[PDB]
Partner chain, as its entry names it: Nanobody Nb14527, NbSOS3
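Take a look at this one chain, the form solved without the partner chain, written out in structure tokens.
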């Protein structure tokens, strides 16, 4: 749009932080992670971002930052994911494609590149672009995008008490059993379609 290289870094940090915690970072957190001389330096960049209209500064109150112009055209394509980083971290986005989100039901929020042949039998191949609807409200038998201790995977869900079995659709593969008592597990979304190009 019109951001300098450094403003872009501050802006990316803000979005990543919101995507991972649900709230903006403080001026101190920004200064620390980006190696700025002080909180005053971070404030200046925030002022310029507010000026460019990408955020709104709610004076007073800690973490008083709001993102604007969220409504965007197309769909971002998520490539590889890194450990300790939200699925939709800016570093993971390899582009935005002009595809009607409403072609899918529920509507697609993002595209994710599939790795491996685990879901071959239902037509999802290595390298396919999976259309995903962001939600945690899912049910047994649905194909979901889940994260197991930082590893992301696409499998059919089968809840089993304190465990979760992630079923593949390929005879060469076996189920992945997740013990909720000792592993981090989160649902990133619901698969709603596929684009192979």
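Residue numbers count along the first chain shown, from 1.
As for the form deposited with the partner chain bound, it is not shown, yet the points below apply to it.
Among heavy atoms of residue 172, none comes within 4.5 Å of the partner chain in the deposited bound form.
Under a 4.5 angstroms non-hydrogen atom cutoff, the partner chain in the deposited bound form has residue 85 among its neighbouring residues. Residue 180 belongs to the set of residues with a heavy atom inside 4.5 Å of the partner chain in the deposited bound form.
Contact between residue 150 and the partner chain in the deposited bound form is found at the 4.5 Å heavy atom cutoff.
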